[PDB]
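Below is data.tsv, which holds TSV, C-alpha atoms and all ligand atoms.
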chain	number	residue	atom	x	y	z
A	701	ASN	CA	-17.41	5.92	14.82
A	702	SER	CA	-14.57	8.30	14.03
A	703	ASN	CA	-15.58	11.61	12.36
A	704	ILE	CA	-12.44	11.75	10.18
A	705	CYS	CA	-11.25	9.41	7.40
A	706	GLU	CA	-8.73	6.87	8.69
A	707	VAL	CA	-6.49	7.28	5.62
A	708	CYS	CA	-6.41	11.06	4.92
A	709	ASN	CA	-7.55	12.39	8.34
A	710	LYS	CA	-10.16	14.75	6.79
A	711	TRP	CA	-13.91	15.00	7.33
A	712	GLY	CA	-16.35	14.76	4.45
A	713	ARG	CA	-18.73	12.09	3.06
A	714	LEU	CA	-17.62	9.19	5.28
A	715	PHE	CA	-18.65	5.51	5.36
A	716	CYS	CA	-18.51	3.93	8.80
A	717	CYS	CA	-17.24	0.46	9.63
A	718	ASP	CA	-19.86	-1.73	11.42
A	719	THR	CA	-17.29	-3.78	13.31
A	720	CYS	CA	-14.78	-1.14	14.40
A	721	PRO	CA	-14.98	2.61	14.86
A	722	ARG	CA	-13.05	3.59	11.69
A	723	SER	CA	-14.45	5.65	8.91
A	724	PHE	CA	-13.54	6.26	5.28
A	725	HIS	CA	-14.00	8.33	2.26
A	726	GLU	CA	-15.31	6.15	-0.56
A	727	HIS	CA	-12.07	6.11	-2.60
A	728	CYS	CA	-9.70	6.37	0.35
A	729	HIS	CA	-10.72	2.83	1.40
A	730	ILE	CA	-9.16	0.10	-0.79
A	731	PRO	CA	-11.05	-1.51	-2.37
A	732	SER	CA	-13.48	1.53	-2.83
A	733	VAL	CA	-16.28	1.31	-0.27
A	734	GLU	CA	-18.80	-1.27	-1.50
A	735	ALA	CA	-22.25	0.01	-2.80
A	736	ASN	CA	-24.63	-1.93	-0.55
A	737	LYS	CA	-23.62	-4.47	2.23
A	738	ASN	CA	-25.22	-3.78	5.66
A	739	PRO	CA	-23.33	-4.57	7.79
A	740	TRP	CA	-20.06	-3.47	6.15
A	741	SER	CA	-16.67	-4.40	7.48
A	742	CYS	CA	-13.55	-2.34	6.52
A	743	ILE	CA	-10.23	-3.78	5.39
A	744	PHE	CA	-8.69	-3.56	8.87
A	745	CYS	CA	-11.52	-5.79	10.15
A	746	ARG	CA	-11.27	-8.19	7.16
A	747	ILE	CA	-7.53	-8.61	7.71
A	748	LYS	CA	-8.09	-9.18	11.43
A	749	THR	CA	-10.62	-11.91	10.61
A	750	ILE	CA	-8.06	-13.76	8.42
A	751	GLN	CA	-5.60	-13.73	11.33
A	752	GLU	CA	-8.22	-14.91	13.84
A	753	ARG	CA	-9.43	-17.74	11.59
A	754	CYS	CA	-5.83	-18.97	11.07
A	755	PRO	CA	-3.66	-17.99	14.02
A	756	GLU	CA	-0.73	-19.91	12.47
A	757	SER	CA	-0.74	-17.35	9.64
A	758	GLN	CA	1.21	-15.12	12.04
A	759	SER	CA	4.17	-17.47	12.40
A	760	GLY	CA	7.28	-16.19	10.59
A	761	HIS	CA	7.64	-16.56	6.83
A	762	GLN	CA	10.49	-16.22	4.34
A	763	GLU	CA	10.11	-13.25	1.99
A	764	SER	CA	10.98	-15.44	-0.99
A	765	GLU	CA	8.04	-17.73	-0.27
A	766	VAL	CA	5.60	-14.80	0.26
A	767	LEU	CA	6.62	-13.22	-3.07
A	768	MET	CA	5.88	-16.40	-5.06
A	769	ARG	CA	2.34	-16.69	-3.73
A	770	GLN	CA	-0.38	-16.48	-6.30
A	771	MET	CA	-2.78	-13.60	-5.88
A	772	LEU	CA	-5.74	-15.57	-4.52
A	773	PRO	CA	-8.42	-13.59	-2.60
A	774	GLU	CA	-6.54	-13.47	0.69
A	775	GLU	CA	-3.25	-12.33	-0.91
A	776	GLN	CA	-5.16	-9.76	-3.05
A	777	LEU	CA	-6.68	-8.36	0.19
A	778	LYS	CA	-3.34	-8.26	1.97
A	779	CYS	CA	-1.76	-6.26	-0.93
A	780	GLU	CA	-4.73	-3.86	-0.91
A	781	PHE	CA	-4.24	-3.32	2.83
A	782	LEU	CA	-0.49	-2.81	2.44
A	783	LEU	CA	-1.18	-0.20	-0.31
A	784	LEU	CA	-3.67	1.46	2.01
A	785	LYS	CA	-1.17	1.62	4.83
A	786	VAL	CA	1.21	3.56	2.55
A	787	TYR	CA	-1.59	6.00	1.60
A	788	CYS	CA	-2.20	6.51	5.33
A	789	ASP	CA	1.11	8.40	5.57
A	790	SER	CA	0.84	12.00	4.46
A	791	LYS	CA	4.15	11.74	2.60
A	792	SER	CA	2.43	9.39	0.15
A	793	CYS	CA	1.16	12.52	-1.67
A	794	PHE	CA	4.56	12.76	-3.39
A	795	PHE	CA	4.24	9.28	-4.91
A	796	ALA	CA	0.49	9.13	-5.66
A	797	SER	CA	0.10	10.62	-9.08
A	798	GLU	CA	2.15	10.28	-12.29
A	799	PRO	CA	5.57	11.92	-11.95
A	800	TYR	CA	7.61	13.88	-14.49
A	801	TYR	CA	11.32	14.32	-14.71
A	802	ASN	CA	13.19	17.48	-15.80
A	803	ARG	CA	16.10	18.23	-13.53
A	804	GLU	CA	19.55	19.37	-14.64
A	805	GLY	CA	22.01	16.49	-14.30
A	806	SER	CA	19.49	13.63	-14.03
A	807	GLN	CA	17.59	11.46	-16.42
A	808	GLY	CA	14.12	10.13	-15.67
A	809	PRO	CA	13.61	6.45	-14.90
A	810	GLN	CA	13.13	3.83	-17.60
A	811	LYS	CA	9.95	2.60	-15.93
A	812	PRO	CA	8.04	5.25	-14.03
A	813	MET	CA	5.69	4.04	-11.28
A	814	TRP	CA	3.27	5.61	-8.84
A	815	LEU	CA	0.72	4.64	-6.19
A	816	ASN	CA	-2.40	5.35	-8.21
A	817	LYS	CA	-1.10	3.13	-10.98
A	818	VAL	CA	-0.53	0.31	-8.50
A	819	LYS	CA	-4.02	0.95	-7.14
A	820	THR	CA	-5.53	0.61	-10.68
A	821	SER	CA	-3.41	-2.48	-11.33
A	822	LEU	CA	-4.77	-4.15	-8.20
A	823	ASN	CA	-8.33	-3.16	-9.04
A	824	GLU	CA	-7.97	-4.62	-12.55
A	825	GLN	CA	-6.44	-7.92	-11.16
A	826	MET	CA	-3.26	-7.37	-13.20
A	827	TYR	CA	-0.92	-8.97	-10.67
A	828	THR	CA	-0.76	-12.76	-10.64
A	829	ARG	CA	1.72	-13.10	-7.76
A	830	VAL	CA	2.56	-11.02	-4.70
A	831	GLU	CA	5.97	-10.42	-6.32
A	832	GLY	CA	4.37	-8.25	-9.08
A	833	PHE	CA	2.80	-5.90	-6.55
A	834	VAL	CA	5.89	-5.71	-4.32
A	835	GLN	CA	8.26	-5.13	-7.29
A	836	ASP	CA	6.13	-2.15	-8.48
A	837	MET	CA	5.92	-0.66	-4.95
A	838	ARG	CA	9.66	-0.94	-4.44
A	839	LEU	CA	10.29	0.56	-7.90
A	840	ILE	CA	8.42	3.76	-6.83
A	841	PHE	CA	11.05	4.43	-4.17
A	842	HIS	CA	14.04	3.19	-6.13
A	843	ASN	CA	13.21	5.48	-9.06
A	844	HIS	CA	12.92	8.43	-6.67
A	845	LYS	CA	16.27	7.74	-4.98
A	846	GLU	CA	18.04	7.41	-8.28
A	847	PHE	CA	16.57	10.61	-9.81
A	848	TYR	CA	17.04	12.95	-6.83
A	849	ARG	CA	20.68	11.76	-6.29
A	850	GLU	CA	22.14	14.01	-3.54
A	851	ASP	CA	19.24	16.39	-3.20
A	852	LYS	CA	17.90	16.09	0.31
A	853	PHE	CA	14.47	15.37	-1.28
A	854	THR	CA	15.73	11.79	-1.77
A	855	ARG	CA	14.90	11.28	1.87
A	856	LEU	CA	11.18	11.31	1.18
A	857	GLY	CA	11.69	8.07	-0.80
A	858	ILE	CA	13.59	6.49	2.10
A	859	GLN	CA	10.87	7.56	4.52
A	860	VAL	CA	7.93	6.22	2.59
A	861	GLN	CA	9.80	3.02	1.66
A	862	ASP	CA	10.38	2.41	5.37
A	863	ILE	CA	6.57	2.67	5.93
A	864	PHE	CA	6.04	0.21	3.08
A	865	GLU	CA	8.63	-2.29	4.31
A	866	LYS	CA	7.51	-2.25	7.98
A	867	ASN	CA	3.94	-2.83	6.92
A	868	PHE	CA	4.99	-5.60	4.43
A	869	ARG	CA	6.82	-7.43	7.24
A	870	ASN	CA	3.75	-7.05	9.54
A	871	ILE	CA	0.97	-7.94	7.09
A	872	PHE	CA	2.73	-10.91	5.58
A	873	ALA	CA	4.26	-12.04	8.93
A	874	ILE	CA	7.82	-12.04	7.69
A	875	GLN	CA	10.20	-13.86	10.09
A	876	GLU	CA	11.88	-11.36	12.35
A	877	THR	CA	15.66	-11.00	12.00
A	878	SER	CA	18.65	-8.83	13.06
B	901	ZN	ZN	-10.01	10.09	3.12
B	902	ZN	ZN	-13.44	-1.96	10.68
B	903	ZN	ZN	-5.70	-22.41	10.42

Rewrite the structure from the file as structure tokens, please.
Ligand SMILES: [Zn+2]
Ligand SMILES: [Zn+2]
Ligand SMILES: [Zn+2]
Amino acid sequence: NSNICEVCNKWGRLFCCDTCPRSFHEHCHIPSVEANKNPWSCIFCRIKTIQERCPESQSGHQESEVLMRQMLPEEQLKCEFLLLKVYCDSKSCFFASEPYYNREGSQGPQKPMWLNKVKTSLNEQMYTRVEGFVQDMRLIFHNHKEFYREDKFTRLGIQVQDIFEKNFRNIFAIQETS
């Protein structure tokens, strides 16, 4: 197995996947690495299994249909994986914890949002449809763009949103378009 965490790329107390060579810190994996279970399969492996069991799940889908799906076990897992893919980017550090807003010439957002809040919301089964998760994720980046206005720091929001959107289209097999 790898000797660094797949998500944060650091060594430490790592849990090893039994079906692929990835490793994880306990709370870097989403969901948090399960207490017992030998063998243990990571989320990359679990997602791969879903695909392999239902190859047709990779045919193109309309975003509007994906968003109305109820958060049954497979959709819950797919949102956890998508969240994890965003944490895999080092730029996620800017969006992880609760923000605060005190900049001359801007006003903070009406509804602040951050990754760790989305992570807690998923853990607590607070989303009933995929739309709830996706709306909160997109709101993270929208709030950032609006607050930072013309500061070049706005680009971090564009960058991490692009990671989000690419992974959303991949995980939920959104129909490719120009
Ligand atoms: Zn880690
Ligand atoms: Zn694995
Ligand atoms: Zn099938």

Could you give me the residues within 6 Å of ligand ZN 901 (chain B), counting all atoms listed in the file, as a CSV table (one decimal) with C-alpha atoms, in the frame of the given file?
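Just written: result24.csv:
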chain,number,residue,atom,x,y,z
A,705,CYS,CA,-11.2,9.4,7.4
A,707,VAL,CA,-6.5,7.3,5.6
A,708,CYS,CA,-6.4,11.1,4.9
A,710,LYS,CA,-10.2,14.8,6.8
A,724,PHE,CA,-13.5,6.3,5.3
A,725,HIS,CA,-14.0,8.3,2.3
A,728,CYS,CA,-9.7,6.4,0.4

For stretch 810-817 of chain A: contacts at 8 Å, only C-alpha atoms, fewer than 2 positions along chain excluded, given as a PDB file with C-alpha atoms, in the frame of the given file:
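The new file around_33.pdb reads:
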ATOM      1  CA  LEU A 783      -1.180  -0.200  -0.310  1.00  0.00           C
ATOM      2  CA  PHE A 795       4.240   9.280  -4.910  1.00  0.00           C
ATOM      3  CA  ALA A 796       0.490   9.130  -5.660  1.00  0.00           C
ATOM      4  CA  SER A 797       0.100  10.620  -9.080  1.00  0.00           C
ATOM      5  CA  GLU A 798       2.150  10.280 -12.290  1.00  0.00           C
ATOM      6  CA  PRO A 799       5.570  11.920 -11.950  1.00  0.00           C
ATOM      7  CA  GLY A 808      14.120  10.130 -15.670  1.00  0.00           C
ATOM      8  CA  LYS A 819      -4.020   0.950  -7.140  1.00  0.00           C
ATOM      9  CA  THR A 820      -5.530   0.610 -10.680  1.00  0.00           C
ATOM     10  CA  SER A 821      -3.410  -2.480 -11.330  1.00  0.00           C
ATOM     11  CA  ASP A 836       6.130  -2.150  -8.480  1.00  0.00           C
ATOM     12  CA  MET A 837       5.920  -0.660  -4.950  1.00  0.00           C
ATOM     13  CA  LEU A 839      10.290   0.560  -7.900  1.00  0.00           C
ATOM     14  CA  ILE A 840       8.420   3.760  -6.830  1.00  0.00           C
ATOM     15  CA  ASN A 843      13.210   5.480  -9.060  1.00  0.00           C
TER      16      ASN A 843
END

**OP:** Could the residues that lie within 8 Å of ligand ZN 903 (chain B), counting all atoms listed in the file, be listed as a VMD selection string?
**Re:** chain A and resid 753 to 757

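The gap separating atom CA of residue A:741 from atom CA of residue A:703 is 16.8 Å, in Å to one decimal.
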
**OP:** Extract, using only C-alpha atoms, all DNA, RNA and protein residues at most 10 Å from residue A:858, discarding same-chain residues fewer than 6 positions from it, and format them as a ChimeraX atom specification.
**Re:** /A:841-842,844-845,864
